[PDB]
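K.L.:
The listed protein sequences correspond, in order, to chains A and A'. A prime marks a further copy of an entry chain. The opening residue of the first sequence carries number 2 in the deposited numbering; numbering runs sequentially from there. The opening residue of the second sequence carries number 2 in the deposited numbering; numbering runs sequentially from there.
Protein chains: 2
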Amino acid sequence: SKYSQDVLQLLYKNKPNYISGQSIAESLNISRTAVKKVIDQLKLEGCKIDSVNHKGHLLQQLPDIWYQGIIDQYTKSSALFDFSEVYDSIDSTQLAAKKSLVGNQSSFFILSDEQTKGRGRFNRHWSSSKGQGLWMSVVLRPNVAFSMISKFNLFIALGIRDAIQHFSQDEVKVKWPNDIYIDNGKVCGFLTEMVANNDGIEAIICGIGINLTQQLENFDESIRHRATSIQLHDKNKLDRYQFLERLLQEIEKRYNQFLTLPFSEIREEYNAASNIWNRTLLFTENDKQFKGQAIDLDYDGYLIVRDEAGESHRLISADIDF
Amino acid sequence: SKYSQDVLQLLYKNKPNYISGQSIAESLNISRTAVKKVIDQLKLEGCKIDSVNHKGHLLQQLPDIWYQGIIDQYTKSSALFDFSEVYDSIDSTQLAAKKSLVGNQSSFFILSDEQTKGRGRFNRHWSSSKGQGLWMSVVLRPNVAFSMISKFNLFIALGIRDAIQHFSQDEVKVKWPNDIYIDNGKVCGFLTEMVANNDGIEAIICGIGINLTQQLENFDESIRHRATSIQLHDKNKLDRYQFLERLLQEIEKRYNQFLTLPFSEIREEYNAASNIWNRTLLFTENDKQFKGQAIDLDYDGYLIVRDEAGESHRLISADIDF
Ligand SMILES: O=C(O)CCCC[C@@H]1SC[C@@H]2NC(=O)N[C@@H]21
Ligand SMILES: O=C(O)CCCC[C@@H]1SC[C@@H]2NC(=O)N[C@@H]21
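#1: Taking C-alpha atoms, which residue in A:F123, A:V139, A:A35 lies nearest to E86 (chain A)?
#2: Contact defined as beta carbons within less than 8 Å: I believe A204 (chain A') pairs with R142 (chain A'). What is the distance between those atoms, to the nearest angstrom?
#3: Quick one: which residues of the segment 97-113 of chain A' get their C-beta closer than 8 Å to a C-beta of chain A? List them in chain order.
#4: Below 9 Å between beta carbons is the criterion; list the residues of the segment 223-248 of chain A' that meet it against any residue of chain A, in chain order.
#5: Name the DSSP beta bridge partners of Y88 (chain A), please?
#6: What does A197 (chain A) touch in chain A' if you count any residue whose Cβ is under 9 Å from its own?
#7: By how many angstroms is the C-alpha of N199 (chain A) removed from the C-alpha of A295 (chain A')?
#8: Taking DSSP as the reference, what is the three-state secondary structure of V306 (chain A')?
#9: Quick one: residues in its chain with C-beta nearer than 7 Å to the C-beta of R280 (chain A'), no 5 flanking neighbours on either side, listed in chain order?
#10: Here's a check: name, in chain order, each residue in its chain whose Cβ is nearer than 7 Å to the Cβ of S169 (chain A), leaving out the five neighbours to either side.
#11: Determine the DSSP secondary structure at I231 (chain A'), reduced to helix, strand or coil.
#12: Mind pulling the chain A' residues with CB within less than 9 Å of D301 (chain A)?
#13: Could you tell me which residues DSSP pairs with residue 1 (chain A') in its beta bridges?
#14: Going by beta carbon distance, what residues of the same chain come within less than 8 Å of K174 (chain A'), once the five residues before and after it are set aside?
#15: Is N179 (chain A') closer than 8 Å to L192 (chain A') when the C-beta atoms are compared?
#16: Helix, strand or coil: which one does DSSP assign to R280 (chain A)?
#17: Looking at C-alpha atoms only, which residue of A':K16, A':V8, A':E46 is the closest neighbour of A35 (chain A')?
#18: Counting only Cβ pairs nearer than 7 Å, list the residues of chain A' close to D180 (chain A).
#19: Please list, in chain order, the residues of the segment 306-317 of chain A' that have any C-beta partner in chain A closer than 7 Å.
#20: I'd like to confirm something about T94 (chain A'): is its beta-carbon nearer than 7 Å to some heavy atom of ligand 2, or not?
#21: How many Å lie between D308 (chain A) and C189 (chain A) at the Cα?
#22: Does the Cβ-Cβ distance between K37 (chain A) and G47 (chain A) come in under 8 Å?
#23: Which same chain residues, not among the five before or five after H167 (chain A), have their C-beta less than 7 Å away from its C-beta?
#24: Candidates A':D221, A':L217, A':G121, A':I111: which alpha carbon is nearest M137 (chain A')'s?
#25: Who are the Cβ neighbours of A164 (chain A') in its own chain at under 8 Å, not counting the five residues just before and after it?
#26: Less than 7 Å separating the Cβ of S138 (chain A') from some heavy atom of ligand 4?
#27: Given that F123 (chain A') touches chain A, what residues does it touch there, using C-beta distances under 8 Å?
#28: Which stretch, first to last residue, makes up the beta strand (DSSP E) that contains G47 (chain A)?
#29: May I ask whether a heavy atom of ligand 1 can be found less than 7 Å away from the beta carbon of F191 (chain A)?
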């Protein structure tokens, strides 16, 4: 329905109070009975809405599905992002982003409940299942030299880890340069790309997938042991909207650090969070493949690694498996 | 008309011979009189087509306007580019490119007779006048590390200079890192951008403007002395299609060098072509502005410059004025 979102927006915008059939009806300027219709549908979609006669309606709990209207109430109150785009299903949130950012300077982000052609590093396939995870791309506009990309990744990583962690009862670590783990479960992968040119950056596009509500029964055969959702590590139900809120809060925070700090200022912190140490690693380099021990992250965000032949490298990136 | 292009294509594809009303009519499968209609229109648009009874039609000369159909006969015969997009008018060939390259790996390019929101380095305004210049963006897919961008620029520059030069009676020089001059006239500016990410490059987008057919009367007040079109330096009329052909030929050539050479291998050549030496230069650096002498291009494509206080810098880029 045309007003379903406007109605939702009034409900959320109005917690923790009830609002009347009539109140709302006046605001959108439509019959009160048109409102009953909207609400019964919303309920029927799985919204917890308390309706008491004489008092009105209280939005209690939202479904594992994304609503533009309520997300708008996020971008409004935000002083990082201009706007956002919300989708039920879509080729890729990244694709969409890389399109939507041309010929403008907006900072914004994009959510989908499901991706059909969702991809990870190296045009890998990324499973984006309906209503199970956060599948989001994030466009930012930091005016810095293109080389600075790699630094961004490092900062965001902690941002992402932190948000996830606030909801996990188990240890959320980072697996440089792009993976967030909980114990042995990839809870999240994330991809930092950019459009840029010698004279600096046109935009940063951070694609983030975070597994939210999966049960091991949900993961393909090819991965079932090294994947874990936030829910397998939270005692209570994980509210996809509650989480989103903290995650932006954190993505933001971390971004300004990115913009006003060197790497060193978070370096140690980042170290204490990595789970790549003292264990053997399987690096892969188009054609080439080999092993090695991760020995340190230098001031500059490079991984220093003693390979299996005692030979010492400095990598800005890498493709690592355990 | 629906078949105007298909008809053009047959004409071009058939030089230096005539083809009949009937011949063509059979090929597209439409009445011969539908053909007369097409041709008279084409003529009326300014095509030189020789029609002799009993013999048929010979395409002699094309207008200062771009035809998809004939451009297709270029991408077909090309083993660099997959396809191309041709427009009468458009926001930007670059914008268009940055859109069209998402979610695919095509190598292709885009022409417009006129840009409305045509832009140069630094979101500068770029005058793209109807039927007067080559306004083209070029998407390539060289799998290399993102750092390699700057090297591409260097190679292309010579490519561009060469093509232009084959038609100039005057000295076509380069003004690192992005401008092609003839004497004191900017004949062409060109912008190299990319979409990429730590693990290498998603695409290279080279935006190229080249002034073709302008008379000093055509240039705004704000620039009339330091701008020149290829035509002011060619004795004969400059055939925008003849030129395009050489230019791709050259853009290609130069690109493979880019992919199979170091910079040094063309370094000296590039030097002999620059016009930045032994003259004072006005560098500009957001807020800062200062002077200096260009003293050398190092093996790595960096400009070495003695500034006005004897202080020595290595720039990968710069913003320079005379
Ligand atoms: O490869 C990885 O390790 C992580 C990939 C990141 C996936 C995110 S989900 C949001 C998004 N949209 C995409 O098309 N890919 C991603
Ligand atoms: O700023 C310069 O010195 C040169 C700019 C390059 C202009 C090319 S024309 C093709 C194209 N499309 C654009 O939007 N800009 C350019």
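Just so it is clear, CB atoms sit at the ideal spot from N, CA and C, and this is done for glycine as well.
P.N.:
Considering the structure as presented:
#1: A:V139
#2: 6 Å
#3: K99, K100, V103, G104
#4: none
#5: A:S113
#6: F147, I150, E194, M195, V196, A197
#7: 19 Å
#8: strand
#9: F323
#10: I183, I231, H234, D235
#11: helix
#12: Residues of chain A' passing the Cβ test: none, with the nearest at roughly 14 Å.
#13: Limits of chain A' in this structure are 2 at one end and 323 at the other, which puts residue 1 (chain A') out of reach.
#14: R162, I181, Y182, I183, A274, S275, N276
#15: yes
#16: coil
#17: A':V8
#18: None at all; the shortest Cβ gap to chain A' is about 14 Å.
#19: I317
#20: yes
#21: 27 Å
#22: no
#23: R247
#24: A':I111
#25: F244, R247, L248, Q250, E251, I252
#26: Among the ligands modelled here, namely ligand 1 and ligand 2, ligand 4 does not occur.
#27: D200
#28: Counting along the chain, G47 (chain A) falls outside any beta strand (DSSP E), and DSSP gives it neither H nor E.
#29: yes
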